[PDB]
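The chain below stands alone and is given as structure tokens, in the form deposited in one PDB entry.
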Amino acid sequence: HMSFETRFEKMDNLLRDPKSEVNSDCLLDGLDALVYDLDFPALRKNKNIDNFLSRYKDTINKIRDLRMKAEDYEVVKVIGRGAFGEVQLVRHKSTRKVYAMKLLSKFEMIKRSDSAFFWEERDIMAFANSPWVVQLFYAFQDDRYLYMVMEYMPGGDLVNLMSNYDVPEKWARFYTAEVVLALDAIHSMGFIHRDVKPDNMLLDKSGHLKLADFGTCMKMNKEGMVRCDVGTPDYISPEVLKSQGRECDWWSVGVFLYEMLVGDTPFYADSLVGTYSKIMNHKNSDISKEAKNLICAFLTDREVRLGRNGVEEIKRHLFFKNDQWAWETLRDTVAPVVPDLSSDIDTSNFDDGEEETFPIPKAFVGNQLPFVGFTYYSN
């Protein structure tokens, strides 16, 4: 039993505790949402509602206007496209600061039952506080989209990179190993990524690596494993392809490595289903002895796969031997490729029908609800 003077402080806590589902900004998100989901001709016909909307008209419009809205960002150039919206480079009008804003169509997010997945991604990007993980500075929302303002990566994706260069075993060793420190960072936070791939790997102005998408992430329980409900084709791990009715990330890894030295998927197939079964037959489906080894050590069945035991076990692998870097020093050494940037907005490492809207309801559908609590300020 707490006391008065106590309970009050304790409550101010929550009203400030940004990990709280009911941080002040989340309550405001609630009032906001509610006013959205209510201001419709049909519904306003109700005493209670119309009275409400008539009382929080002025006030809530004031709010909308003050809080962060998309009108606050100048969009320099679209630099990417996810499933539910586009990622565009931006500069804050009032602050002049430059971020990368990922967009999310509330609609598309509802149409597909693919809702409530971005919570893990928000949390991670906003509190991982890690050199390995992209940092979220702001997250806000209107009627149409979610917005995630985040540390811009001038470096570009590992995809563009592998496109442009004849990757040597050196580089390979570098990028791979960093991906390993990062994935271990994630797992330390008690999450599993489930989608490891070049498309998700970005680079900071210094040519080092972070992880840039976390939609796939899933919280792993006490025993370190997960009850699972896929992700990608060219990479995916079989052991998790049967639970449908951790070390999996490591599989994805090996796949990537192969892709990097080779120039194509370790189980590429013109037909996709082909790539699928081909991964199921992994056992039977220029380079160094070690490269080969390592790869095939990851590319094995769950229980005999490389990394089943400890991450350290992976670190120590022979292919991870050199006279150019140590592990807890890698982050600070000279990247294999460093980006030459003309300004704070060089979209050079990023190469070059539409969308609809929700239908006016006849009754309360509350389409804003799955989104209350998404607003986050970093100060």
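The term rigid core refers to the most C-alpha atoms you can superpose between the two forms while keeping them within 1.5 Å. A residue's number is simply how far along the shown sequence it sits, counting from 1.
Missing here is the form deposited in another entry; even so, the following discussion is about that form.
With the two forms fitted on their core, the C-alpha shifts between this form and the one not shown stay under 2 Å for all of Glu108, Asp184, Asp204, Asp199 except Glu108. Once the rigid core is used as the reference frame, the Cα position of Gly80 differs between this form and the one not shown by 2 Å or more.
If you fit the rigid core between this form and the one not shown, you'll see the Cα of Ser163 move by less than 2 angstroms. Once both forms are fitted on their core, a CA shift of 2 Å or more is seen for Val90 between this form and the one not shown.
Pairwise change in that other deposited form: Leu203 and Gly82 C-alpha atoms lie farther apart than in the shown form, at least 3 Å. In contrast to the form presented, in that other deposited form the C-alpha positions of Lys97 and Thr347 draw closer by 3 Å or more.
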